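**Student:** Protein sequences appear in the order of chains G and M. So for the first sequence, the entry's author numbering puts the first residue at 172; every next one is plus one. So for the second sequence, the entry's author numbering puts the first residue at 3; every next one is plus one.
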Amino acid sequence: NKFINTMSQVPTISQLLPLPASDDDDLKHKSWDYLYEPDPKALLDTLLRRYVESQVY
Amino acid sequence: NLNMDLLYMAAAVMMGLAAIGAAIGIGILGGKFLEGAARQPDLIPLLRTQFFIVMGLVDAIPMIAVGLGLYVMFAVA
Numbered sequence: 172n173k174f175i176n177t178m179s180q181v182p183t184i185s186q187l188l189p190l191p192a193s194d195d196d197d198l199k200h201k202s203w204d205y206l207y208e209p210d211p212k213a214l215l216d217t218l219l220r221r222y223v224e225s226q227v228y
Numbered sequence: 003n004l005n006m007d008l009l010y011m012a013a014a015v016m017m018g019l020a021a022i023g024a025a026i027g028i029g030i031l032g033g034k035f036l037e038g039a040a041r042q043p044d045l046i047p048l049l050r051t052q053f054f055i056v057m058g059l060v061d062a063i064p065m066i067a068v069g070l071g072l073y074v075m076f077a078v079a
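1) Please confirm if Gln42 of chain M has its CB atom under 8 Å from at least one CB of chain G.
2) Could you give the residue range of the alpha helix (DSSP H) that holds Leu206 of chain G?
3) Rank M:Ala77, M:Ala40 and M:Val15 by C-alpha distance to the C-alpha of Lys201 of chain G and give the top, closest one.
4) Check whether the Cβ atoms of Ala24 of chain M and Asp61 of chain M lie closer than 8 Å to each other.
5) Would you call the stretch 69–78 of chain M in contact with the stretch 6–14 of chain M, where contact means no fewer than 3 C-beta pairs closer than 8 Å?
6) Tell me which same chain residues have a C-beta within less than 7 Å of the C-beta of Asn5 of chain M, skipping the five on either side of it?
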């Protein structure tokens, strides 16, 4: 359920996996790109796991 | 006589070695600047000025070699 406000609440269902978020675009990011340690992929896995955990919390 | 024949060879080998060393060193120095400018263009002039600073030291000995080869070829003959 979602806390719209004090007076009203709504039951809702929303997707977690796969990542439903709509795409976005930027220039500053990935141009002045992050240095990746150790490598960009493992960081992406941990990041996605932490993100879905935060969503459910 | 043999003197000039050997002196032209000496000048040729000295200037060739100097050119090889100077060209390879300047190419490496430039390549690192190119990667640093590719990473973040907001620091391009700063890296480009330090590039001039370092390149000034790079050509130190190669230009001594070039000058002495020129001397051998043009005044010693």
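Even for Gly, the Cβ is constructed at its ideal location relative to N, Cα and C.
**Tutor:** Considering the structure as presented:
1) Stepping through the second sequence from its first residue, residue 42 of chain M is reached at position 40. Answer yes: the Cβ-Cβ gap between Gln42 of chain M and chain G drops below 8 Å somewhere.
2) What you label residue 206 of chain G is simply residue 35 of the first sequence in a count that begins at 1. That residue, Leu206 of chain G, is in no alpha helix (DSSP H); it is neither H nor E in DSSP.
3) Here the question's residue 201 of chain G lines up with position 30 in the first sequence. It is M:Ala40.
4) For the purposes of this step, residue 24 of chain M is identified with residue 22 of the second sequence, where counting begins at 1. For the purposes of this step, residue 61 of chain M is identified with residue 59 of the second sequence, where counting begins at 1. Going by C-beta atoms, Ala24 of chain M is nearer than 8 Å to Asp61 of chain M.
5) yes
6) The count along the second sequence starts at 1 and reaches residue 5 of chain M at position 3. Counting only Cβ-Cβ distances below 7 Å, and skipping sequence neighbours, we find nothing.
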